[PDB]
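Have a look at the structure below before the remarks.
Atom set for the values below is all heavy atoms of this structure, side chains included, hydrogens, waters and symmetry mates excluded. Ligands are counted one by one from 1 in listed order, and the atoms in each one are counted from 1 as well. The chains referred to below are lettered A, B, ... by the order of the sequence lines, with proteins before strands, and numbering in each begins at 1.
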Amino acid sequence: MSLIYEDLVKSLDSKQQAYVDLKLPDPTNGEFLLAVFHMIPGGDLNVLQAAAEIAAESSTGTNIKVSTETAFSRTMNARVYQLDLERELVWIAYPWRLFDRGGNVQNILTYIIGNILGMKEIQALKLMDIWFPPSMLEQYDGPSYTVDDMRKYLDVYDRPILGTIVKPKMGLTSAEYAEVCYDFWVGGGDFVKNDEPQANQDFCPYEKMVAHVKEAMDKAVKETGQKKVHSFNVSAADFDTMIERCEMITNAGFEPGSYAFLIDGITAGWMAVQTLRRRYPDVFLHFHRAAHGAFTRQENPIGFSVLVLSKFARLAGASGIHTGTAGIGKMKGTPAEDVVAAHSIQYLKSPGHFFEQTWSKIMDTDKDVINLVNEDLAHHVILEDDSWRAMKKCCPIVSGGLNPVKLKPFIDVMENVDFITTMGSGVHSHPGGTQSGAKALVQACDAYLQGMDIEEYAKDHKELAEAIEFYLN
Amino acid sequence: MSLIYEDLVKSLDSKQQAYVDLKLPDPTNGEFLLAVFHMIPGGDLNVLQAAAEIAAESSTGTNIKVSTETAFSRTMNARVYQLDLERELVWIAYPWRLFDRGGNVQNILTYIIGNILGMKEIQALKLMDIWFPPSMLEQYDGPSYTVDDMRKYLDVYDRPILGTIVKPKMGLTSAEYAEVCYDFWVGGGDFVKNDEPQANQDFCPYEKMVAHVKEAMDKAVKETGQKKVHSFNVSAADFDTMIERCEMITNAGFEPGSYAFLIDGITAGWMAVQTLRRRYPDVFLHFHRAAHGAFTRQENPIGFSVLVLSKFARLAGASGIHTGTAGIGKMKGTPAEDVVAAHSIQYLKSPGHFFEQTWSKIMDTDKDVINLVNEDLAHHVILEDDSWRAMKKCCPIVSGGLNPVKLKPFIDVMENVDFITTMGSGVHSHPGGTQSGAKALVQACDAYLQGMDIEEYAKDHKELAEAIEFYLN
Amino acid sequence: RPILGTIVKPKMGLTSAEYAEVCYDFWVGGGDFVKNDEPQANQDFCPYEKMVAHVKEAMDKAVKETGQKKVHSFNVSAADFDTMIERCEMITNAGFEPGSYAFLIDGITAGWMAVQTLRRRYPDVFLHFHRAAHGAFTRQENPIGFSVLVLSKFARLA
Amino acid sequence: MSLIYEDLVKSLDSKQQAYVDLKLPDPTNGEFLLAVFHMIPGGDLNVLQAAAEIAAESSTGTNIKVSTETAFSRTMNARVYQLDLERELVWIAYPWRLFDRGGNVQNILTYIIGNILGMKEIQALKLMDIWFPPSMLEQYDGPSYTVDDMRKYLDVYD
Ligand SMILES: O=C(O)[C@@](O)(COP(=O)(O)O)[C@H](O)[C@H](O)COP(=O)(O)O
Ligand SMILES: O=C(O)[C@@](O)(COP(=O)(O)O)[C@H](O)[C@H](O)COP(=O)(O)O
Ligand SMILES: [Cl-]
Ligand SMILES: [Cl-]
Ligand SMILES: [Cl-]
Ligand SMILES: [Mg+2]
Ligand SMILES: [Mg+2]
Ligand SMILES: [Mg+2]
Ligand SMILES: [Mg+2]
Ligand SMILES: [Mg+2]
């Protein structure tokens with residue numbers, strides 16, 4: 001085994017022994033959800049003892065062996081099966097029979113990123129990656145409406161979906177809000193999203209915002225001759241107010257496919273996400289992630305990675321989630337963290353950080369799955385008539401202090417154009433305002449698509465020229 | 001102003017100028033939600049420029065001033081009004097007109113601990129404290145069912161409510177679960193709670209668990225002549241499953257006051273917390289906080305404090321919330337954090353960290369508020385017939401690696417007994433089992449109340465003597 | 001010619017998604033009929049509601065690709081009368097093309113009352129009688145019981 | 001282990017080895033429905049190959065190992081874990097996860113006293129006893145009305 005490992009194993013209590021199995025036959029057999037954590041002990045206990053306590057507390061156990069313990073309960077124990085003592089990593093196998101039925105995501109998180117995060121026996125504890133076996137992946141929903149469905153509605157292919165966020169973040173009225181929408185759309189933009197805290201403030205009655213946005217869209221659609229989309233912030237105080245807001249939009253007379261529902265998944269919760277997925281499965285569910293920084297940032301030893309968050313959004317059924325600008329914009333931080341996460345939600349097969357994931361439902365050795373993976377890499381729309389085989393894609397939403405000049409840099413690190421980009425400041429701060437602001441973004445996209453440098457395309461494209469002058473000088 | 005504070009103000013952009021008012025006349029006038037963050041800038045920006053940036057992003061702004069901005073929108077800018085450069089603290093005033101109506105708590109959190117946690121222009125960002133003006137508090141629910149109401153039902157006063165959590169955390173069946181309930185209650189325990197991830201697993205049908213607990217309670221109540229409570233985990237995949245589980249308990253048909261509803265508030269979400277408060281206002285709402293460590297853990301420089309979590313739980317209407325053992329048990333970590341938070345939710349008037357909080361609704365100078373406060377400090381039940389005057393009590397739940405030998409030490413740090421304590425491993429791991437574990441916990445409470453040393457009290461109480469032997473070895 | 005069919009194997013262990021792949025593979029390779037292995041039902045890892053759904057999708061594709069109509073015989077055996085009709089009604093509203101589904105009942109373990117309930121409630125669906133446990137009655141080594149002739153004749157009468 | 005049992009183990013094919021564990025560490029752990037059959041083989045096959053074949057057909061297996069088999073399906077395999085060769089008895093452990101949910105009894109009997117009764121490879125196959133772990137009993141109804149309730153209506157006692 002190794003002298004060190006045999007000694008670490010001899011150091012375990014009768015309690016700890018039950019949450020360790022460094023000779024686990026097949027972790028990828030289907031019985032388990034696999035997890036890897038960055039872990040650092042917080043004194044008294046050694047690495048294997050601390051890993052055995054973390055496993056106990058995220059599964060069936062507690063601080064001391066209890067008299068109420070059964071033999072059947074021991075079969076549900078999570079078990080430490082692998083360790084990297086240099087990189088300080090811990091591999092724990094979680095029996096997915098531990099999880100609450102009916103496809104509950106908050107329950108998985110209650111175990112693997114719950115109570116364990118507050119244990120004084122750890123100094124750092126970051127959940128880095130997880131593996132969902134086909135047997136478990138089948139118990140959850142997964143996305144029912146995707147970016148492919150949106151693209152079919154918009155008729156927008158082989159480029160990113162060009163979006164904006166209505167800015168100011170707060171303070172505009174329901175009339176002023178709709179003007180910002182109209183101007184972005186009519187200027188050539190595709191998608192408008194509500195800034196995350198914009199809801200029913202006394203000066204912007206939700207009922208009026210919805211009616212004006214519907215009128216504004218109708219105008220932009222007739223003038224441009226092109227379909228447009230609005231992602232509405234549907235987060236509320238409670239279940240009933242959210243549904244009241246969903247139904248306001250649902251009954252406003254929008255053309256099906258032209259409206260999406262945004263939810264602040266971290267603050268509103270994973271229950272509001274699943275509710276929306278299940279109640280409105282033919283509407284694009286946009287997961288905004290405000291407050292994830294406590295979990296995901298480099299500076300924080302305790303929490304979870306952006307890959308984990310992104311993977312759980314796809315499992316829960318989010319049509320899209322914000323994955324970051326790989327540090328090109330205003331938020332932290334890198335292509336290593338952000339593009340790995342985007343690829344885990346975009347593709348059928350991905351590396352990603354520690355566990356390679358194929359989002360099938362059936363075995364990845366079946367010729368038909370191998371085909372789907374190949375077809376996926378060729379940029380063909382899959383799972384239209386064979387949904388049972390795999391979980392559908394969850395779209396990256398790239399936002400955070402971007403502008404037309406930061407587009408080509410982001411696509412280069414991304415290695416593809418199957419994402420939604422949203423630029424607030426980068427559009428509404430433009431010298432000529434939102435319409436010119438939108439044209440600059442459109443122009444920078446056309447430049448990229450026809451292999452040109454923006455400075456060369458800008459020679460006969462005023463809005464992009466002004467943007468380059470403004471966003472650099 | 002001062003030499004350095006002058007230079008810092010001269011360094012601000014026309015945009016950053018808009019989110020700074022160091023000469024704010026009256027921050028406590030009632031227009032603002034006051035907040036204080038611990039903050040360190042992350043290169044390129046100075047303290048005031050970073051603070052102006054945070055303020056913009058947590059109210060009405062973005063990284064560049066926008067053409068779409070209005071004079072009316074500027075009225076709602078959050079303002080940096082005070083600093084402590086040595087202690088690295090910044091005070092920001094948030095107009096509560098920013099916040100969504102209908103008493104939406106997730107929307108507050110979306111601004112003040114949302115996107116700003118992810119900004120690369122900070123190294124640390126920890127929200128330490130908040131101040132709710134009487135005007136704002138009236139727009140929120142606050143608790144409707146309190147520990148005063150549960151103590152009335154139970155007929156338990158002048159001591160903590162002594163409870164347990166059913167252990168194993170997972171693996172027991174619905175019938176095995178009900179035996180652990182009965183044994184604790186019949187041994188002298190008041191309160192039984194579902195361990196946070198306990199729900200509808202395949203081997204513990206929720207419907208059977210509920211029915212056996214109904215029967216188990218009746219047997220225990222009848223044998224002890226003493227009323228008992230059960231806190232059920234109603235956290236589910238979605239809204240509709242949660243109400244179905246709540247409604248299953250509602251018709252079980254327990255005696256009113258004998259059941260509470262538990263919600264994994266962080267993972268389930270604030271919308272779930274609010275839904276239960278508004279839907280079941282005459283049921284004790286129990287806020288379990290699994291996953292809070294990402295935000296509240298000292299090792300993490302980005303997030304928010306335990307005081308803040310606890311204060312927003314009372315605002316949303318939890319009848320109780322977990323506050324910690326002040327580092328006496330297995331979680332992190334101190335009286336400075338844990339007792340301050342408890343006191344904020346227990347009492348009408350509190351210090352707490354940076355803002356003194358009187359939870360009135362009306363002006364803290366009315367002689368009637370002064371009386372409520374004097375009466376509260378005397379441990380007299382308030383707000384039975386004058387609820388309009390102030391927001392009600394939110395109960396500290398003290399859990400995490402405690403045993404009867406750690407009961408006194410916590411009370412000494414707490415400075416009172418108005419709380420619920422749950423001991424899972426400290427009861428079920430008793431060498432005599434759950435019934436002896438409960439007897440040991442009851443005996444330790446009596447020893448504390450009587451002012452007797454446990455080692456002395458245990459000379460004529462075997463279950464306590466056994467606990468002292470076991471838990472100190 | 002004979003109707004060429006399969007039984008989804010393994011007998012137990014596949015999920016509802018995996019089950020439907022086996023169905024698709026058989027029908028697309030030229031097979032006509034797929035039946036549930038007799039003890040395949042609503043086990044925790046193969047939700048019956050999901051199985052019916054994926055089988056409806058799997059079939060549609062196999063019919064489109066082969067240009068040939070296909071059939072699935074669904075194990076409708078349950079704990080009781082009410083659960084059995086719940087399963088039947090799930091299939092009845094899934095919504096398959098009439099003729100493309102049959103109902104399978106373990107007539108010895110479930111009973112002759114389950115066999116007659118399905119005949120009378122669903123007269124326009126093929127009633128597939130599976131005889132698991134008949135060996136105690138029919139087996140030549142057993143002196144007491146009844147013949148395969150008797151069992152088969154009574155099933156025709158029912 | 002014993003030379004008689006060692007050669008009996010060595011006779012097992014790849015498929016049969018999957019449904020045998022004579023070293024099952026805890027058959028009463030709660031995961032299994034324990035069974036004991038009085039069995040005699042049907043010629044060609046020995047005691048343990050016949051047992052491993054019965055175990056196969058009573059759980060997840062079939063005559064020949066299949067391409068469609070998954071690692072997750074092998075976890076629900078019934079395992080032969082004890083033998084009394086003189087008494088002609090074989091003990092099989094059945095994962096209760098195999099059985100149809102909602103406390104369906106018809107289904108338990110379709111596995112443990114179904115198709116296996118008609119198999120060529122046995123002369124005798126009598127299920128003598130079974131053992132229900134507490135985890136399993138809680139998934140089933142059990143009686144609601146009893147003779148203690150009848151005796152109270154009747155006032156008939158002792
Ligand atoms: O509020 C903002 O800052 C944004 O609207 C972007 O506005 P700008 O386009 O004006 O920067 C987004 O909410 C953030 O991108 C969220 O971060 P992430 O996508 O990283 O979750
Ligand atoms: O699962 C647990 O660990 C507990 O049930 C305690 O059990 P023990 O009594 O066996 O430790 C609680 O959920 C934690 O105390 C929560 O932490 P906090 O109270 O800090 O939110
Ligand atoms: Cl080991
Ligand atoms: Cl100033
Ligand atoms: Cl063996
Ligand atoms: Mg925003
Ligand atoms: Mg295939
Ligand atoms: Mg717990
Ligand atoms: Mg007065
Ligand atoms: Mg069969």
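Every side-chain contact (heavy atoms from CB on, under 4.5 Å) that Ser73(A) has, sequence neighbours left out, goes to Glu69(A), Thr70(A), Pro168(B). Partners of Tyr206(B) under the side chain to side chain donor-acceptor pair (under 3.5 Å) rule, at least two apart in sequence or in another chain, do not exist in this structure. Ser429(B) is linked by a side-chain contact (heavy atoms from CB on, under 4.5 Å) to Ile64(A), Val66(A), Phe470(B), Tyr471(B), counting only residues two or more places apart in sequence or in another chain.
A salt bridge does not link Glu53(A) to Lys330(B): none of the charged nitrogens lies less than 4.0 Å from a carboxylate oxygen.
No side-chain donor-acceptor contact under 3.5 Å links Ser67(A) and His428(B).
Shown here are the protein N/O/S atoms lying under 2.8 Å from the Mg ion (ligand 6), water excluded: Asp195(A) OD1, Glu196(A) OE1.
Here the rule is side-chain contact (heavy atoms from CB on, under 4.5 Å) with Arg289(B), and of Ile397(B), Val306(B), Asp264(B) only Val306(B) fits it.
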